[PDB]
Amino acid sequence: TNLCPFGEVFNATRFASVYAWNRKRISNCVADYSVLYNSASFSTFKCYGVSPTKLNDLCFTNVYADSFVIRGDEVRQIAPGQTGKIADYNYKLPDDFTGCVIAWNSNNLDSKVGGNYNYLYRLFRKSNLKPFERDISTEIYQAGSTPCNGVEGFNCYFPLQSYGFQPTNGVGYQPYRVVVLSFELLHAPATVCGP
Amino acid sequence: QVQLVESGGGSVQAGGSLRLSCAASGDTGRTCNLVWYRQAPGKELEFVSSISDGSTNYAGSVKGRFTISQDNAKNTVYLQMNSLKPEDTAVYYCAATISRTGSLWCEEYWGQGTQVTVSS
Ligand SMILES: *[C@@H]1O[C@H](CO)[C@@H](O)[C@H](O)[C@H]1NC(C)=O
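As deposited, the entry is annotated with X-ray crystallography as its determination method and 1.21 Å as its resolution.

Here it is in structure tokens:
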């Protein structure tokens, strides 16, 4: 009965840029999801394919915890069936997702005077990501008929852009930390259970 | 336990040169890629150059003047900056995606920045 190490995910001092989202595998442990659900710190707590009322009564083969920073008005893209720059090019949930999405405002940690440089997102991609796909490449995006030949400029775009979070931004443009919990059930022994 | 440490910034006269270094240390595994960016305060972070598995790219404004290279024997990438111009003044940052021992996931790390100031 070791307790699941969710603190390492939720309380990490730095989070990943969404294009380079992080994942931690959680297994062989007991989780009290009510602590997360009841925390006043989280302004989003939305589950799909499972009801919150059941989280402490179920066992799963593995839980994955993916985490990253996006801007507030993009949190809505972290849900099945959604679209936009984040869902299309950065982090994509599947239609049949079973899991929960948890988010909170991180303006106090993730903005900087003069604009934070640390948090980037992919702005251009030739096709949409498949669910749970990850793209950390930085090839020049060729927007037109002229080959870019490894040089950024007209019609030749570097594909990642900084959010530039500044503490004075409006709330929709402020950083939010996001943790996505996936509940995986395989034909294998369950290892992560509620209490 | 991976860290990126920059070195090499400073003040130079227009036309001069500097060489920046971005050195990875700790429980490093494979580097998937590495990007040099620059930002002056309040301005949007700007792409400068990147390198991945030997392929390189550059901002149009620095192509021909700056060269990115991977050290043939060290966990370090250099940015050689020649023919410097006042417009090159900024804090330069490296960012890399690197897996750590025990993992196949390349995770993002950032250097601490180095000021470059070019005066006319
Ligand atoms: C994060 O840290 C706080 C304060 O140390 C702690 O009370 C909380 O349980 C942690 N969150 C987790 C483990 O999800």
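What follows picks up the thread again.
Asks: Residues and numbers for the interface of chain B and chain A, please.
Replies: A common way to report how large an interface is uses the accessible area buried once the components associate. On the chain A side, the residues contacting the 26 residues of chain B number 28 residues. Interface area, chain B with chain A, both sides summed: about 2100 Å², of which 52% is carbon and sulfur. Summed over the three residues of chain B that lose the most area to chain A, namely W105(B), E108(B) and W110(B), the buried surface amounts to 29% of that side. Joining chain B to chain A, the criterion identifies one salt bridge. The residue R14(A) makes a salt bridge to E108(B) at a minimum N-O spacing of 3.3 Å. For the pair chain B and chain A, the number of links is 15 residue pairs in polar contact. Elements with a contribution of two residues or more to the side of chain B that touches chain A: β4 (28-39), β5 (46-52), β6 (55-59), β9 (90-100) and β10 (107-110) of chain B. Per-element accounting of the side of chain B that touches chain A gives the leading share, five residues, to β4(B). In the side of chain B that touches chain A, the residues fall into 13 nonpolar, eight polar and five charged. Pairing between strand β9 (residues 151-152) of chain A and β6(B): two bridges, direction parallel. Across the sheet, the residue bridging to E152(A) is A59(B), located in β6(B).

Asks: Which residues make up the nonpolar core, and what values go with them?
Replies: Within the largest apolar cluster, 47 residues are counted, with the highest numbers of intra-cluster contacts made by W36(B), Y37(B), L79(B), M81(B) and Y92(B). With eight residues, the top contributor of residues to this core is β9(B). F10(A), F68(A), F97(A) and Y163(A) belong to the second largest nonpolar core, which has 46 residues in total.

Asks: I'd love a proper account of the environment of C47(A), names of residues and values included.
Replies: Residue and element names in this part refer to chain A. With respect to the secondary-structure elements, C47 resides in strand β3 (residues 44-48). Taking relative accessible area as the criterion, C47 reaches 19% and is therefore assigned buried. With 79 residues separating them in the primary sequence, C47 and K126 have C-alpha atoms 30 Å apart.

Asks: Which residues make up the sheet that holds β3(A), and what values do they have?
Replies: Residues and elements named next belong to chain A. Taken in spatial order, the five strands line up as β1-β5-β12-β6-β3 in an open sheet, and their pairing is antiparallel. Looking at which strands have only one partner, the edges of the open sheet turn out to be β1 (22-26) and β3. For this sheet, the mean angle separating the axes of adjacent strands, direction not counted, is 15°. Bridge analysis of strand β5 (residues 62-71) against strand β12 (residues 175-184) gives 10 bridges, and the strand direction is antiparallel. In the strand pairing of β12, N62 is matched with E184.

Asks: An account of the state of the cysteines is needed here, citing residue identities and associated values.
Replies: Residue and element names in this part refer to chain A. This model, assessed by the stated rule, comprises six disulfides over all chains. Here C47 connects covalently by a disulfide to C100, the sulfurs 2.1 Å from one another. The chirality of the disulfide connecting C47 with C100 is right-handed, given an S-S dihedral of about 100°. Of this pair, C47 sits in strand β3 while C100 sits in strand β6 (residues 99-105), placing them 53 residues apart in sequence.

Asks: Before we move on, could you go through the sheet that holds strand β13 (residues 192-193) of chain A and cite the residues and values that matter?
Replies: All names here are of chain A. Read across the open sheet, the three strands follow the order β2-β13-β4; overall the sheet is mixed. In this open sheet, the two edge strands, each paired with only one partner strand, are β2 (29-30) and β4 (59-60). Bridging between β2 and β13 involves two bridges; their strand directions are parallel. Each residue of the ladder has a partner; that of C29, found in β13, is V192.

Asks: Hey, could you go over the environment of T146(A) for me, with residue numbers and the actual values?
Replies: All names here are of chain A. Its place among the elements puts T146 in the loop between β8 (141-142) and β9. Classification of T146 by relative accessible area gives exposed; the value is 53%. It is 51 Å that separates the C-alpha atoms of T146 and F60, two residues lying 86 residues apart in sequence.

So, how was this worked out
Residues numbered from 1 in each chain as written, not as in the entry; some residues may be left out. Chains lettered and ligands numbered in written order. Heavy atoms only, no water. Contact = heavy atoms within 4.5 Å. Buried area = accessible area lost by both parts, 1.4 Å probe. Salt bridge = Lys/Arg side-chain N within 4 Å of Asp/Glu carboxyl O. Polar contact = N/O pair within 3.5 Å; in protein donor to acceptor, adjacent residues only side chain to side chain. Helix = DSSP H or I, 4+ residues; strand = E, 2+ residues; numbered from the N terminus. Nonpolar A, V, L, I, M, F, W, Y, C, P; charged D, E, K, R; others polar. Pairing = 2+ DSSP bridges. Core = buried A, V, L, I, M, F, W, Y, C linked by side-chain atoms within 4.5 Å. Buried < 20%, exposed > 50% of the residue type's maximum accessible area, 1.4 Å probe, protein only. Axes fitted to C-alpha atoms, helices over the stretch in contact; angles between N-to-C directions. Disulfide = S-S within 2.5 Å.

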